[PDB]
Amino acid sequence: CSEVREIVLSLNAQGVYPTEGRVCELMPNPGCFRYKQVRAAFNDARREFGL
DNA sequence: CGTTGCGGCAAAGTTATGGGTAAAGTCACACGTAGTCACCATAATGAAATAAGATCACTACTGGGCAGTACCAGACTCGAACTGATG
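Note that the deposited numbering numbers the first sequence so that position 11 is 422, with each residue one more than the last.
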């Protein structure tokens, strides 16, 4: 969940829209989002930065 | 009474009108009358075009299951051995 948080943070810092697919594409095991909390963490980070 | 003017009566005289008959005029036969633009509405296509419809391609969002792992016994089966009856 942390790693997803820095991934979305860096992606928005560069300028690209941080989506689920883009975040997955740069994380070694892009299937962990089936966990009911990692996706929640990603959505919470997006809402915190405003999506 | 003799004369003179006036008026009725009935042919007689003059116009007019619708008929008939010969005789002076009249006029077409002379290759010829049909013939020709101008006119604006309606059908009637064929082309021009439609306005919507159909499909491709991409982007993002969110359900959500499969190969595999793991335990706790219950229960049947049977090596291996124990032990009793017997001919």
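Ideal Cβ placement from N, Cα and C applies to all residues, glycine included.
Between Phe444 and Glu459 the beta-carbon gap is near 18 Å, outside 8 Å, which marks them as no contact. Excluding its 5 nearest sequence neighbours in each direction, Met438 has C-beta neighbours in its own chain below 8 Å: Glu414, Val415 and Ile418, listed in chain order. Straight through space, the alpha carbons of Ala456 and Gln425 are spaced by roughly 16 Å.
Following the DSSP letters along the chain, one finds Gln425 inside the alpha helix (DSSP H) bounded by residues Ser413 to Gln425.
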